[PDB]
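Asker: Below are the structure tokens for one structure; questions will follow.
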Amino acid sequence: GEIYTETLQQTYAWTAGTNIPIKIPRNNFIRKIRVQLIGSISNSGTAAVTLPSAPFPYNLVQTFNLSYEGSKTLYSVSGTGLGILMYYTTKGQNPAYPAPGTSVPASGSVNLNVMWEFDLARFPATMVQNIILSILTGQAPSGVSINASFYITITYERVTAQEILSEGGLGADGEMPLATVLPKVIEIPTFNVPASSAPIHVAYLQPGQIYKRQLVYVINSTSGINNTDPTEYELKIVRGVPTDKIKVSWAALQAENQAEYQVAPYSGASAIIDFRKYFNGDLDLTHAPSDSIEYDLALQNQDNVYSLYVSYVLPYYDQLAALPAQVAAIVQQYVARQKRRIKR
Amino acid sequence: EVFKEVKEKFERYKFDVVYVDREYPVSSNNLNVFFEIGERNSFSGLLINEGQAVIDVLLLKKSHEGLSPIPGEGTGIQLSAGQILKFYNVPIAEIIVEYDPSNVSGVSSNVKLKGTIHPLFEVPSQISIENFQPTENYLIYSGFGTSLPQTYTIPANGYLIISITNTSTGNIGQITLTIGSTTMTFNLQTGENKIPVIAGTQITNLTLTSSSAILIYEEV
């Protein structure tokens with residue numbers, strides 16, 4: 001239909017350690033919701049305070065939670081998470097001031113402006129209840145004070161009753177169009193994966209969604225996200241004949257990100273693995289028994305590994321599969337286009 | 001036609017039930033916490049008033065509008081410290097917890113919402129309050145040394161108990177309390193110290209002469 005974008009008049013003050021619940025108006029379907037922490041970081045102290053390094057400024061928003069009906073969760077990433085995912089999908093050009101380690105002039109200030117972006121394909125926001133994007137802000141850097149607010153810019157596409165019929169009308173229960181592609185960008189944290197030279201089991205990818213890419217990054221207690229422990233990553237398809245879709249050295253995994261994202265590594269402890277490149281198309285686990293694909297890590301020391309997945313689910317996945325080769329072809333093409341809209 | 005039929009049917013129910021957990025500070029700085037449960041489905045679980053403040057919890061049938069109680073549409077239950085609001089298949093469209101206009105200033109509670117929204121079944125909808133008054137022996141501070149790291153608000157009318165324990169006996173310091181336009185200073189001994197107080201009284205200072213264990217609570 002008619003995509004059209006706007007900022008919501010109403011902003012939200014970034015306060016330290018708060019959960020700021022935001023209601024996202026339900027006018028049409030929602031294509032992408034941008035949020036920006038915009039203001040400045042002030043130093044009122046006598047000596048020039050240098051800002052914490054990566055993941056800052058990103059971790060200023062400790063966590064994100066965009067969901068509908070208060071329970072069905074489309075998004076769950078931390079600012080540090082969605083922030084690095086944002087850094088890659090945009091060639092390290094994603095808005096993030098100030099850069100890590102930058103100085104707030106003694107009794108003066110710098111500029112604050114960070115962004116996040118939740119891509120909802122073409123989310124049927126008119127047919128669901130309450131899409132609430134709760135930003136649980138983190139902690140203000142040491143020595144400096146954050147004077148910013150959030151700006152929610154929402155992108156609607158006037159999907160009409162007519163057009164909706166043209167892609168398979170509604171679902172089995174008719175709560176969304178048949179060709180709905182609900183983004184399911186979740187991030188599951190693992191703690192104390194012990195140090196090893198041989199990739200030791202880190203965590204399983206749980207079924208109920210189609211995985212497009214996975215952003216894994218480890219966090220040392222000392223260097224934060226600027227460590228170099230991840231040495232050998234490994235995606236083992238455990239179910240069926242046991243196989244290694246991936247067994248690349250950390251360096252080589254960061255290498256594919258050079259070619260893939262044309263951007264230097266966000267840090268020594270991060271990378272991204274695109275499943276469309278190790279399977280034919282996206283790695284689907286909609287019906288695969290749980291514990292069918294796990295991913296490993298050879299950590300120099302023993303740390304915490306965060307794995308953010310950019311996945312999406314098809315709420316009528318079977319009706320899409322049980323559709324006549326006639327209709328399925330047309331419906332598949334709408335779902336197909338939508339599946340790629342959810343990049344970042 | 002008279003029919004005698006016999007059929008043993010296997011049936012199962014696969015209906016997705018999504019859990020929910022939302023804890024929002026509720027105080028003079030955050031008057032409204034609002035949890036969105038969708039009108040179409042039904043929520044069952046707990047709304048926990050884990051705090052000292054009393055909140056007015058108004059569940060509405062109609063979304064997009066309220067912020068006050070739309071009559072017939074939404075019903076309101078008042079909840080005090082420790083009272084749980086239990087839901088049994090109550091189809092709500094939004095739960096709005098308002099920090100009560102009548103609380104003693106400074107008192108806050110973390111209203112947490114833990115339950116699951118599952119489709120609305122053909123069984124009754126219900127509400128009730130579990131744990132109606134845990135007689136509260138309300139705990140204010142536990143720590144050690146010779147002074148307090150912060151000021152504290154006393155939540156209710158009752159008796160302030162300051163228990164000071166050390167390896168000795170006798171006079172150990174002083175406490176200062178304020179309410180409104182009054183200040184009071186009290187002598188502290190080891191063991192129990194009991195002071196009648198009214199809701200909202202502030203503990204503004206304590207100074208001890210020797211390092212001690214410090215326990216402050218209110219018998220209400």
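Letters A, B, ... go to the chains of the structure tokens in the order shown; residues in each chain start at 1; ligands are counted from 1 in the same order.
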Write out as a count of residues only the residues lying within 7 Å of range 29-41 of chain B, counting only C-alpha atoms and excluding same-chain residues fewer than 4 positions away.
Answerer: 20
Asker: Skip residue 175 in chain A itself and residues of its chain fewer than 5 positions away, then list as a short mmCIF file (atom, residue, chain, number, x, y, z; two decimals) with N, CA, C and O atoms, in the first residue's frame all residues within 12 Å of it, counting only C-alpha atoms.
Answerer:
```
data_model
loop_
_atom_site.label_atom_id
_atom_site.label_comp_id
_atom_site.auth_asym_id
_atom_site.auth_seq_id
_atom_site.Cartn_x
_atom_site.Cartn_y
_atom_site.Cartn_z
N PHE A 123 4.06 -5.66 9.66
CA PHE A 123 3.27 -6.04 10.83
C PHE A 123 1.85 -5.51 10.90
O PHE A 123 1.64 -4.32 10.95
N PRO A 124 0.87 -6.42 10.97
CA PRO A 124 -0.56 -6.09 11.04
C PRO A 124 -0.98 -5.50 12.39
O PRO A 124 -1.76 -6.11 13.13
N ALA A 125 -0.46 -4.32 12.69
CA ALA A 125 -0.72 -3.59 13.94
C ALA A 125 -2.17 -3.18 14.23
O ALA A 125 -2.52 -2.82 15.37
N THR A 126 -3.00 -3.21 13.19
CA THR A 126 -4.40 -2.86 13.32
C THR A 126 -5.20 -4.07 13.78
O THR A 126 -6.26 -3.93 14.39
N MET A 127 -4.65 -5.26 13.54
CA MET A 127 -5.34 -6.49 13.90
C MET A 127 -4.91 -7.12 15.22
O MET A 127 -5.48 -8.11 15.66
N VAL A 128 -3.89 -6.54 15.85
CA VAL A 128 -3.44 -7.05 17.14
C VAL A 128 -3.70 -5.98 18.20
O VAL A 128 -4.15 -4.87 17.90
N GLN A 129 -3.41 -6.32 19.45
CA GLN A 129 -3.66 -5.40 20.54
C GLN A 129 -2.40 -4.93 21.23
O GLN A 129 -1.53 -5.72 21.57
N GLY A 169 -5.80 -13.36 1.92
CA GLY A 169 -6.74 -12.91 2.94
C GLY A 169 -6.20 -13.05 4.35
O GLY A 169 -5.08 -12.62 4.65
N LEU A 170 -7.01 -13.63 5.24
CA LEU A 170 -6.61 -13.84 6.62
C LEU A 170 -6.19 -15.28 6.96
O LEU A 170 -6.26 -16.17 6.11
N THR A 180 1.49 -13.31 6.72
CA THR A 180 2.16 -12.51 7.75
C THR A 180 3.54 -13.07 8.07
O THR A 180 3.75 -14.29 8.15
N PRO A 315 3.00 -17.06 11.43
CA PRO A 315 1.84 -17.45 12.23
C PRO A 315 0.80 -18.38 11.59
O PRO A 315 -0.11 -18.84 12.28
N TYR A 316 0.93 -18.68 10.30
CA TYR A 316 -0.02 -19.59 9.65
C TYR A 316 0.84 -20.41 8.72
O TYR A 316 0.42 -20.82 7.64
N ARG B 40 -9.07 -9.28 23.28
CA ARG B 40 -9.49 -10.55 22.69
C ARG B 40 -9.14 -11.81 23.46
O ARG B 40 -9.82 -12.83 23.33
N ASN B 41 -8.08 -11.77 24.24
CA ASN B 41 -7.72 -12.97 24.97
C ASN B 41 -8.00 -12.77 26.44
O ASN B 41 -8.57 -11.75 26.82
#
```
Asker: How close does each residue of chain A get to chain B, giving the shortest atom pair and distance in Å to one decimal for every residue with an atom at most 12 Å away, counting only C-alpha atoms, sorted by chain and residue number, as JSON lines?
Answerer:
```
{"residue": "A:15", "atom": "CA", "partner": "B:29", "partner_atom": "CA", "distance": 11.8}
{"residue": "A:17", "atom": "CA", "partner": "B:25", "partner_atom": "CA", "distance": 10.9}
{"residue": "A:18", "atom": "CA", "partner": "B:25", "partner_atom": "CA", "distance": 8.6}
{"residue": "A:19", "atom": "CA", "partner": "B:24", "partner_atom": "CA", "distance": 7.2}
{"residue": "A:20", "atom": "CA", "partner": "B:24", "partner_atom": "CA", "distance": 9.1}
{"residue": "A:21", "atom": "CA", "partner": "B:34", "partner_atom": "CA", "distance": 8.1}
{"residue": "A:22", "atom": "CA", "partner": "B:34", "partner_atom": "CA", "distance": 10.0}
{"residue": "A:23", "atom": "CA", "partner": "B:36", "partner_atom": "CA", "distance": 9.3}
{"residue": "A:24", "atom": "CA", "partner": "B:64", "partner_atom": "CA", "distance": 11.4}
{"residue": "A:25", "atom": "CA", "partner": "B:64", "partner_atom": "CA", "distance": 9.3}
{"residue": "A:26", "atom": "CA", "partner": "B:64", "partner_atom": "CA", "distance": 9.7}
{"residue": "A:27", "atom": "CA", "partner": "B:64", "partner_atom": "CA", "distance": 11.8}
{"residue": "A:65", "atom": "CA", "partner": "B:22", "partner_atom": "CA", "distance": 11.1}
{"residue": "A:67", "atom": "CA", "partner": "B:36", "partner_atom": "CA", "distance": 9.9}
{"residue": "A:68", "atom": "CA", "partner": "B:38", "partner_atom": "CA", "distance": 8.1}
{"residue": "A:69", "atom": "CA", "partner": "B:38", "partner_atom": "CA", "distance": 4.6}
{"residue": "A:70", "atom": "CA", "partner": "B:36", "partner_atom": "CA", "distance": 5.0}
{"residue": "A:71", "atom": "CA", "partner": "B:18", "partner_atom": "CA", "distance": 5.8}
{"residue": "A:72", "atom": "CA", "partner": "B:18", "partner_atom": "CA", "distance": 6.8}
{"residue": "A:73", "atom": "CA", "partner": "B:18", "partner_atom": "CA", "distance": 9.4}
{"residue": "A:127", "atom": "CA", "partner": "B:40", "partner_atom": "CA", "distance": 10.5}
{"residue": "A:128", "atom": "CA", "partner": "B:38", "partner_atom": "CA", "distance": 7.8}
{"residue": "A:129", "atom": "CA", "partner": "B:38", "partner_atom": "CA", "distance": 5.1}
{"residue": "A:130", "atom": "CA", "partner": "B:36", "partner_atom": "CA", "distance": 5.9}
{"residue": "A:131", "atom": "CA", "partner": "B:36", "partner_atom": "CA", "distance": 8.3}
{"residue": "A:132", "atom": "CA", "partner": "B:36", "partner_atom": "CA", "distance": 7.7}
{"residue": "A:133", "atom": "CA", "partner": "B:36", "partner_atom": "CA", "distance": 11.2}
{"residue": "A:134", "atom": "CA", "partner": "B:22", "partner_atom": "CA", "distance": 10.2}
{"residue": "A:136", "atom": "CA", "partner": "B:24", "partner_atom": "CA", "distance": 10.6}
{"residue": "A:173", "atom": "CA", "partner": "B:15", "partner_atom": "CA", "distance": 11.9}
{"residue": "A:175", "atom": "CA", "partner": "B:40", "partner_atom": "CA", "distance": 10.2}
{"residue": "A:315", "atom": "CA", "partner": "B:16", "partner_atom": "CA", "distance": 11.5}
```
Asker: Can you tell me how far CA of residue 166 in chain B sits from CA of residue 187 in chain B, in Å to one decimal?
Answerer: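 Atom-to-atom, CA of residue 166 in chain B and CA of residue 187 in chain B are spaced 16.1 Å apart.
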Asker: Quote the spacing between CA of residue 241 in chain A and CA of residue 289 in chain A in Å to one decimal place.
Answerer: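 That distance, rounded to one decimal, is 14.0 Å.
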